[PDB]
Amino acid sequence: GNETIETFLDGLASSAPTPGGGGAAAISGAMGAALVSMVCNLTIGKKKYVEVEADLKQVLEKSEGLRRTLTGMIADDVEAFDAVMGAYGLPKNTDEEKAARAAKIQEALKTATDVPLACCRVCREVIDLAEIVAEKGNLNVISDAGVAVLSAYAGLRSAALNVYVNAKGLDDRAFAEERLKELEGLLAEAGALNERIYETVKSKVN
């Protein structure tokens, strides 16, 4: 958030367990969400585009919403990660310490499934926002609509791996099935949608 890019890449490169893939996914996300706001901000007020203005106004509120949130998620990853390690590194001597570690690990893995899925959900919304500027956007900047979708799609599939990892560790299979089923679906659509919107933009560029 309040942190240099080279700083983030130094830490992301380092042997520190954070930043890692989860935080990158979120950045891949918030970049998607930014490149929609861009095509919105450079198409709105353009006299030749006063028949899509209002739509692209509504898109802009959504995308700015989703950028704010997705920037939050860079650090939500670290919180979720700490929770898992905090639980995993608990005393393990008596059965009063064993049992209270099982529970706290389960509680931690559930949070470390919801938090990446929340980013998935927002990344899948970003792909929908990009379809719209890929179809209504100023042709001068139509590429940004294409980079937008690729970033969002990278975010979604990135974040999705942190769902698979923490999901598999759960004792409550019910809760996991629901979450993996919610992911399984988010990904079904996003596959062909990212190509459509990437290939559409490629065509509008030539």
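All residue numbers refer to positions in the sequence shown, first residue = 1.
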property	result
Stretch with the higher entry mean CA B-factor, where the candidates are 42-50 and 62-70	42-50
Selected stretch [higher average CA B-factor]: 82-90 or 117-125	82-90
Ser28, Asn162, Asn138, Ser37, ranked by C-alpha B-factor: the highest one	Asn138
Modelled-residue ranking by C-alpha temperature factor, third containing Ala188	highest
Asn206 - Cα temperature factor, lowest/middle/highest third of chain	middle
Modelled-residue ranking by C-alpha temperature factor, third containing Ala112	middle
For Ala174, the third of its chain into which the C-alpha B factor falls	highest
